[PDB]
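Just the one chain here, the form deposited in one PDB entry, laid out as C-alpha cells.
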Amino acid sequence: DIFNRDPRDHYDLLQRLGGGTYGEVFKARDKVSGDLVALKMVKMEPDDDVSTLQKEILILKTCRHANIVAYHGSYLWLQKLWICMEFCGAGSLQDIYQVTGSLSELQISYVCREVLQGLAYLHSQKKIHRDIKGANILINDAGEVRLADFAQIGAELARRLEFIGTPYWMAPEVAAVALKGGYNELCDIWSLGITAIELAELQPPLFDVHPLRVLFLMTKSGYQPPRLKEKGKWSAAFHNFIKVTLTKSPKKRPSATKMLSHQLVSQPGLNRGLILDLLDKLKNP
C-alpha cells in the first residue's frame, strides 16, 4: 500500500547516509515517537510504469527474511518514491573496517554465513542481488548482518538504457543479453568470495590495477581467479572457501545453499558476539 503522503510530515531527516545515481538514503526520525528508520529516496521518471512499481513493492513487502533489511512501507510524493526500512546503526562493513582494520577469520566466517543465508533466500525468490561488497553489507548495533533488497526504475534505469543505446535495430537475442547483462544468481557467490578477501585485506584483489586492464584479464582464456595474499595467516578452510566461491565457470560455481554446507560457514561458534567484539573495537581502537 504505497502511501500517497509526503514522508517529511512524519519524519525528520537527520543525516544523509549515502547515495548515487539512484537517489539518496537518509537516517530519519519519527516526529512523534522518535524511532529511527532508513529512508531511501528514489527519483521517478514520467515514463515509469506504476504497475511495475506496485508489483515490485508488493513482493518486497512479502520478501521477509532475517538477513534482509526490513521493509516498513513506502511513500509516493511529487515524482519521488521513499522506501522506509529498518535502520542498521553501525552502517556497512566498509564503514567499519575503515576504522577497525581487517576482520578476523571467525568474524568473516559469520558474515559470510549470514550473507549466504540472505542470498539463498533471494535466489529462491528468483532474485539477484548484483552488488555484494562490504559497502552493501549492513550491521546493526546487535551485531546482526543484513543485505538491502533492491535499479529497474528512475535514474538507474535511464542510465542503463543510455549504455545499451537505441534498441530499434537490435536482434531479439541482442536485446535479451542487453536486459540480463551477464548477471545470473551465481554472480553473487563470486562477489561474496571477493568481499571475503576485501574484509580480510581492506581492499578487493587488483584494487590498484586499472579497471580496463582488470576487465580485459577477466575475459581472457586462462584468467587466474584471485586468492588471499598471506597464506599462513588463514586456515585451509578459508583458502578453500575463496577457491570454490571464485570458480571461473558459472556452471561449476556452487549455489548459496551448497555454500552453506562448506566447512568455513558450518563451524560452531559463529554468532553475533563476534561482531559485537568488532563494534567495541570501533568505539575504542
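Only the largest set of C-alpha atoms that superpose within 1.5 Å between the two forms is called the rigid core. Throughout, we count residues from 1 along the sequence that is shown.
Missing here is the form deposited in another entry; even so, the following discussion is about that form.
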_Single mover in 260, 60, 70, 246, with Cα shift of 2 Å or more between this form and the one not shown when the core is superposed_ = 60
*Any chance the CA of residue 187 moves 2 angstroms or more between this form and the one not shown, core superposed?*
no
*Flag for residue 156, CA shift 2 Å or larger between this form and the one not shown after aligning core*: yes
*With both forms fit on the core, has residue 211 moved 2 Å or more by CA between this form and the one not shown?*
no
*asked:* So the CA-CA distance for residue 58 and residue 137 moves by at least 3 angstroms in the other form. Closer or farther than here?
replied: closer
*asked:* Closer or farther: the C-alpha atoms of residue 156 and residue 84 in the other form, versus the form shown, with a change of 3 angstroms or more?
replied: farther
